[PDB]
Amino acid sequence: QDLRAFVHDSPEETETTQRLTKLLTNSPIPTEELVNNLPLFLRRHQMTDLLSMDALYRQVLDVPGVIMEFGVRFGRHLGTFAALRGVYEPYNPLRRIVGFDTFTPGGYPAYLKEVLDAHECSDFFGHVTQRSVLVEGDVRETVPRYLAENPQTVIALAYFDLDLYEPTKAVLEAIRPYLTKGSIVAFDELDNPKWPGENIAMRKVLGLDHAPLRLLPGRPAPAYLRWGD
Amino acid sequence: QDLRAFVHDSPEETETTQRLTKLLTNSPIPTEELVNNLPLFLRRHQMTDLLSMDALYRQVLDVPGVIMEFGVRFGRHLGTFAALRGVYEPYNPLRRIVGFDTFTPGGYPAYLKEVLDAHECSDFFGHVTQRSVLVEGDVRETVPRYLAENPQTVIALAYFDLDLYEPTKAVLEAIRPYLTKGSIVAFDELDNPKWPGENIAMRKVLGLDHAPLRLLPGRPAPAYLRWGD
Amino acid sequence: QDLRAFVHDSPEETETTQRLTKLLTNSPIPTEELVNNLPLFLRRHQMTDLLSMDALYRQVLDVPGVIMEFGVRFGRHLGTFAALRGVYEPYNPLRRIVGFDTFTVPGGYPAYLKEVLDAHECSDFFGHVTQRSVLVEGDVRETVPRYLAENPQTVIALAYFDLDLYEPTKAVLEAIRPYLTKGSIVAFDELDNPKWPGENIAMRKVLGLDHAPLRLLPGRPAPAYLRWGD
Amino acid sequence: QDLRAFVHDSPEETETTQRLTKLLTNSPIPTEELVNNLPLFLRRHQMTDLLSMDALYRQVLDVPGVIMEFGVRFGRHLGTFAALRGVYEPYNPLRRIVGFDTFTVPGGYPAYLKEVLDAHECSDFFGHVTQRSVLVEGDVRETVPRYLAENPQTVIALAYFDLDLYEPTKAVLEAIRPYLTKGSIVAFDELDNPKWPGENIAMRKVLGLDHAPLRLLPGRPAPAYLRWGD
Amino acid sequence: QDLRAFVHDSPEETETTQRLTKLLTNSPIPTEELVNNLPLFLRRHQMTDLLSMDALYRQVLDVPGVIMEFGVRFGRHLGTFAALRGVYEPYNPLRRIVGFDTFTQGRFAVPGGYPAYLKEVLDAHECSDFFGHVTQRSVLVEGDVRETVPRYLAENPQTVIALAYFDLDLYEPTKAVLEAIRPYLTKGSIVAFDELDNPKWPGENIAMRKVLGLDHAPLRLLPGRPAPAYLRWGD
Amino acid sequence: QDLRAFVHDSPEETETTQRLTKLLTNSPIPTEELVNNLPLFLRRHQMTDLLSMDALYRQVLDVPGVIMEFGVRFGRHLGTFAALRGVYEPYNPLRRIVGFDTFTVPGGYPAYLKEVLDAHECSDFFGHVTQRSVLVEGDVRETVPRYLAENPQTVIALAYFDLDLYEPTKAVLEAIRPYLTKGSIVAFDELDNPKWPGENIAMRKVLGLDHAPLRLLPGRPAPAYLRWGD
Amino acid sequence: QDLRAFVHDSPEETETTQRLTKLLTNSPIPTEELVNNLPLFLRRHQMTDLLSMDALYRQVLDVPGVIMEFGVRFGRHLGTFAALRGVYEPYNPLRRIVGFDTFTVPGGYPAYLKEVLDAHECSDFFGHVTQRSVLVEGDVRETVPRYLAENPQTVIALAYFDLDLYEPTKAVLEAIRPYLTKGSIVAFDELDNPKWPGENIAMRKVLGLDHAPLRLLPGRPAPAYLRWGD
């Protein structure tokens, strides 16, 4: 197997990343102004991800329910969604953001919860708790349990970043009764040769023509569908 | 004069900013992954600014010419534009980004140029130089000089953050022959009680009904117009 | 359980509400002019409810039939619908407004609410036609089927659910279904609210959440509403 | 039963109607010019009905077939359709207008109504083609199936139901179905009216209220109409 | 059989083709500049084919997956797709281009056969792609599609097919490939045919009617052009 | 001056160009089939120019008149226009293509280019009409006014500027203006290019950059084009 | 001068025309059915002209006034307009068709052409109103101003120019201008044709080519037409 046939960073993309890291860590900007200048260090590749999450969020502003991410890494998308919920939905305390991951750095979920709490403390409904929830464990156990604990659930946006067949299949099967027509289901690596399990699960549970799978033009991921279309 | 009648941060907005600063500077994320997770620390207020710059940029993707910012602070908008030019215009080496400021930390323009060079080194046209330019000095001298040196100039997007009457007036007068119908002219504080000089200049040079001034809904700034409309 | 995870008023929202109450009841406006100035006392949160009911009504102006609310509280929505019917439908005497509740509020509250609705109706263009507002007291599991049996002409243009609980919500969904047309609106006051999961459980039991497209009016957590047949 | 809960004329609507009757029948307008000034005497309520029939007709200008009215009263809609066919379709001799009624009106009323329709048709571009207006006298349960058997070329573009009762509405809905296309309009004069529930009972029996989207013309309680196949 | 009832070149079309060939190979343009002036030699008929492929590509820019061509001739469409992928998708390394064919100077046989030359062509486009460091973004598969297409899909379970272009002529291969690709299409994928309604090659139509039916989805032309005939899956 | 601030080819773009040149000229494709496979050798950068010329042409299909190019290099755009005219306009013998250049390329290059254009034209539906392609050799400051004086029927649908310099660009803009209609396209190959500022200086002198809306095809630095009168 | 640079028929177009002439004049179709089968003999080129006139007429169906043709040849367009007026406007007796020509055609040709137009009009819905088709014989420089003086009610909805020459085109453009409204169509048969530059010279003299947007119907070299006021 030729590893070069998998997506990987060019030398220039690596150079850009390393330079921006160094300029962030050794910045003459006053430390208390760094979080007012983060776009200085946000290169094309990561800007694109932010714009894509914005695009998905904007498609469910007229859909009830919660946002769920299955596979969260360090929380990039969860921070994005917390900020965007401020931009678009000051008066919606029911738009819960739920992140599922095994999380295996230690004690990282506690840090990430501190980050999400910091966004939430200036929300208009910051007095309502449990608007951001991190669920630690294997999704084959935690997603059914979360849903059993939350029979009020409607899912407006479901973001899949699980990579593997068995967990992707189990979660697709579990979330289906909580979707409405217009709910968005999005995949981080549906058609990526490195991680074929997501496609295999999609074909097993639903079929690739169950609904129209779409790209945001110019961007290889995410692939996303509108339920019922 | 009651200073509370000017826009200022709420205690919660300050708390969010301070918390996110601390979580950025004391982060368990591996240092070389911070620039892959900047949305964790990008609160609503600053996300909104990014989305607004994206919106303005998207309105000039079918307009020739350069992007100019008059008054640049630490360069937040210049970094944003450098990344967005990657997202939208890999094959446009003529979309120069020009920032004008007195810049008065010392040697800061050199740092900011290092930042912009770091984005540019993975651009498709990264071999073409002078696609990002910082012009140091008073805009009443530097903007006419830049234009005299660049008679090829068309201005697609002009962003005003000068605050004061005399420099805003001088730059509006200087850039006018380089605009086309469809060029965007945007103001950071047109209708803000703290900085009335921008409005006074706009009314002197053009008139507030010269073209339709618009907001992005929900956002008090920028105010922007499409030339010729 | 943490009660802070349920929606509740901020201290600032409570303060606004208490202040506006005091200014309404201690007003230098002449008594006979208060009802010409009620927006002085209509705060954001309640203004939003009004605009939402107007948006739902405007979606059924080309749909025949009646408006039903299942769970009416003090009658806020029924008064809204009575005024909007005047705004949009002076010539439609068949747009009946039917409110169902146990009314368990002061005793004799239904008679007061009926007097309020009659006061709107006496200046309607069709104010001489009776029974254009109906309050039905009792358990919706009996009263909604009984109302429909008594009214076989029924078509339902707008059905608004504020019943909270599984059994009543399930029984009413099942009963109203033969009286909906494609384009009828079915709306829910607390479909996705952790405090009252029975509404969702009943919707998933009877129809399923993807039976039709559930929507929000952007920026507002409720109502959630669907257009039948879409 | 409270008869004021059925739609009925206000005193003012009665006054307008009686005054306009007097002014029509005692007019200083020369006799031969009265039929050039009928809008003087066409009040809101009746103008609304005319505008509604025009709206329904305009929706079937690109649909083949005939117009049928089941229950015709004195013929108001048939005259309306005869004139509108002149406005919109001078070159379409296949747009037959067929009215079905028992005519149980003065005696010999159908012959009068036929004289009226012939008077419109004698200035039609295709006035030399006969049987473009047909009055079919009898119980629709017998006459509509017989008409369709005699006319196997039939396509129905617009079907207007004003039969009031369950058994005839059901029988005619069942008989006309094979002659509709997608886009044909089916319209009801009293689908949701408390006075005449049989029309609704029949619609629910034969098709279901959500078989197709039932619509109003906004602001008007009737007709309720659907586009076949939507 | 009257062979004039099959589509063939007019004398004037032949004349144009022969003249432009002469002017291409005997040109005062410096040889190193010819690839900057190819439109001088690209006549209407061939320009039309290029515009048609651009129209099909533009319809799948918001559809995930790969581009496949079944029956590739000298590779005209594969080169077009490689250039167009540059135009529209610099940042999409997952848009693989896969050409299937049996592949069965001027006088010396090419070592490795025509596929070795055509791979050289596609490599030449890819070395200036923004994602030119990711390999296997263009793939040629030699052999009988009845075997090679199922094998390729078995080997590539991540596949989604955004654009499937059929130029196989015959019933049995067209039927087999239609059957194999179906689980990999989404609603909005484009399936296109080079000779669906062509008297010379009825097997393509026979296979379409057998597997799907001509009214499975709406078959369309680009107006004014007899081919391709194409459908949007699920419409 | 830093020559790196002017647009120039990356090493990878040079490599692609050289490789495709070698594969074109050492091809196992039969000689008489090369012109059926030129897209094998048409790289991104040149494909983009073709799609841009097609987009401009498609915007003048409902505009009368001719196509003019001022500065033609080896004739790339003229060949493109000749093929596109076949694609879109088999029945329009009045869509003349006029190329103006000094032709200072090998000597006798205009005769070769004319032979190329004639080869396209001999299979056009109107190939029997002559002078549908015209090459005008000389200084545009004399030749464009002379062409227009000789051709008072002229309407200009598309004017494409690739003259680089101030004086020729200014003279041609001034000359063509009476032959444009609202909707004519005026396009520039290097309006905002630091290497050739005279084009911009001339546009600002004659018309001004806001005389009409200058546009890009998104993602492409050139051409910049305006629709006259907008 | 190279006469092959003017538009002219190909050998194949001549062959089609001559063959269809023979088949029209030696047809086994019964004589009285020939005028029911004329499309058998209506080739592409002439069909295109008919479709163009239909397109221009359809653009003025919501514009008051008359149709004028300046230069009428044997009357092809006048017959086309007479038929299209039947298709689209049975109830508009004010849509006069006026043809201006010197008729310098066989002798007495205008009387023949009038018989043809009367033959269309005798089956028009308003066939009893005379002077709905008018042929005005003479030099347009005299006849058009005289016609307008005799007809101060004139509004011009569509003006079709086929005069070829500068002086008559200029004079008629100047005379008709006060009778156009915004939306009136002005159309030219040879505005950009090298054979007849005088039409363009006149347009540039009186109005300028950018006075309004000149358009083609795509794929057709003529007519070129503008919507007044755009």
Side-chain angles (χ1 to χ4, degrees), chain A residues 62 64, chain C residues 38-39 42 44-101 113 116-121 123-127 129 131-135 154-163 172 176 179-191 212-230, chain D residues 191-192 209-210 213-222 224:
Chain A
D62 63 354
Chain C
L38 304 175
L42 185 69
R44 180 195 55 77
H45 180 79
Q46 297 295 339
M47 172 66 81
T48 304
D49 178 80
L50 183 158
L51 297 171
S52 289
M53 294 307 101
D54 176 70
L56 297 177
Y57 203 124
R58 284 188 288 108
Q59 287 188 47
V60 299
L61 294 178
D62 64 349
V63 180
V66 308
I67 299 168
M68 302 184 164
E69 188 175 39
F70 312 110
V72 308
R73 311 291 169 179
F74 288 109
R76 169 186 61 174
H77 288 157
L78 302 181
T80 306
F81 292 140
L84 296 176
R85 184 174 60 186
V87 174
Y88 297 118
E89 295 197 290
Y91 303 126
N92 183 357
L94 300 188
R95 190 80 72 188
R96 183 178 286 171
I97 299 163
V98 190
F100 297 84
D101 205 295
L113 181 60
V116 170
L117 295 169
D118 289 346
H120 288 264
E121 288 184 350
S123 59
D124 286 333
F125 189 88
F126 271 101
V129 178
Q131 286 175 42
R132 289 186 308 116
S133 294
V134 179
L135 305 175
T154 294
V155 179
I156 296 170
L158 176 56
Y160 197 92
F161 282 80
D162 186 21
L163 292 170
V172 175
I176 63 173
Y179 305 88
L180 302 168
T181 190
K182 299 183 182 187
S184 293
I185 297 293
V186 178
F188 299 90
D189 201 68
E190 49 268 337
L191 185 64
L214 285 156
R215 297 289 179 266
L216 298 180
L217 304 168
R220 307 171 194 178
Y225 72 97
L226 61 84
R227 300 187 74 249
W228 191 256
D230 271 9
Chain D
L191 184 64
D192 57 339
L209 287 168
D210 70 357
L214 283 157
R215 296 292 179 263
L216 301 178
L217 303 169
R220 306 174 196 172

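Lettering follows sequence order; numbering is per chain, from 1.
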Got C/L84 and C/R95 here, is their nearest side-chain heavy-atom distance under 4.5 Å?
no
Just jot down the side-chain contact (heavy atoms from CB on, under 4.5 Å) partners of C/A55, sequence neighbours excluded, or say none.
C/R58, C/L217
Just jot down the ring pair (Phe, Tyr, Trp, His ring centres under 6.0 Å) partners of C/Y179, sequence neighbours excluded, or say none.
none
Under a 4.5 Å cut-off applied to non-hydrogen side-chain atoms, are C/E69 and C/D101 in contact?
no
Can you find a heavy atom in the side chain of D/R220 that is under 4.5 Å from one in the side chain of D/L216?
no
Restricting to ring pair (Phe, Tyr, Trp, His ring centres under 6.0 Å), what partner residues turn up for C/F81, sequence neighbours left out?
none
Can you name the residues that form a salt bridge (charged side-chain N to carboxylate O under 4.0 Å, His left out) with D/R215, not counting sequence neighbours?
C/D62
Just wondering, do C/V172 and C/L163 contact through their side chains at under 4.5 Å, heavy atoms?
yes
Set of salt bridge (charged side-chain N to carboxylate O under 4.0 Å, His left out) partners for C/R73, sequence neighbours left out
C/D162, C/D164
Holding to side-chain hydrogen bond (donor to acceptor under 3.5 Å, both in side chains), I want the full list of residues that pass it with C/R76, two or more places apart in sequence or in another chain.
C/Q46, C/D49
According to side-chain contact (heavy atoms from CB on, under 4.5 Å), who are the partners of D/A222, at least two apart in sequence or on a separate chain?
none
Please give me the minimum heavy-atom distance between C/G86 and C/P90, naming the atom from each residue.
O-CD, 3.8 Å
Approximate separation, where rounding is to 0.5 Å, of C/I67 CD1 and C/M53 CE
11.0 Å
Kindly write out the residues that satisfy salt bridge (charged side-chain N to carboxylate O under 4.0 Å, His left out) with C/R96, not counting sequence neighbours, or none if the list is empty.
none
Close side-chain approach of C/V98 and C/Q131, heavy atoms under 4.5 Å:
no
Got a second to check how far C/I156's CD1 is from C/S184's OG, nearest 0.5 Å?
7.5 Å
Decide yes or no for C/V63 and C/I185: does some side-chain heavy atom of the first lie under 4.5 Å from some side-chain heavy atom of the second?
no
Quick one, C/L50 and C/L42 - any side-chain contact, counting heavy atoms below 4.5 Å?
yes
Side-chain donor-acceptor contacts of residues 223-230 of chain C below 3.5 Å, not counting sequence neighbours, with atom names and distances?
unit_1 : atom_1 : unit_2 : atom_2 : d
C/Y225 : OH     : C/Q59  : NE2    : 3.2
C/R227 : NH1    : C/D230 : OD1    : 3.3
C/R227 : NH1    : C/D230 : OD2    : 2.9
C/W228 : NE1    : D/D210 : OD2    : 3.0

Can you name the residues that form a side-chain contact (heavy atoms from CB on, under 4.5 Å) with C/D124, not counting sequence neighbours?
C/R85, C/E121, C/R132
Rounding to 0.5 Å, atoms OG1 (C/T154) and CG (C/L94) come to a distance of 11.0 Å
Kindly indicate whether the side chain of D/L209, heavy atoms from C-beta on, has any atom under 4.5 Å from the side chain of D/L214.
yes
Under 6.0 Å between ring centres, would you say that holds for C/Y160 and C/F70?
no
The side-chain hydrogen bond (donor to acceptor under 3.5 Å, both in side chains) partners of C/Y88 (sequence neighbours excluded) come to C/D54
Could you go step by step and tell me if C/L78 and C/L117 meet the side-chain contact (heavy atoms from CB on, under 4.5 Å) rule?
CA-CA 8 Å; C/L78 302 181; C/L117 295 169; 4.2 Å; yes
Holding to side-chain hydrogen bond (donor to acceptor under 3.5 Å, both in side chains), I want the full list of residues that pass it with C/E190, two or more places apart in sequence or in another chain.
none
Measure across D/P221 and C/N92 and return the closest heavy-atom pair with its distance rounded to 0.1 Å.
CB-OD1, 3.4 Å
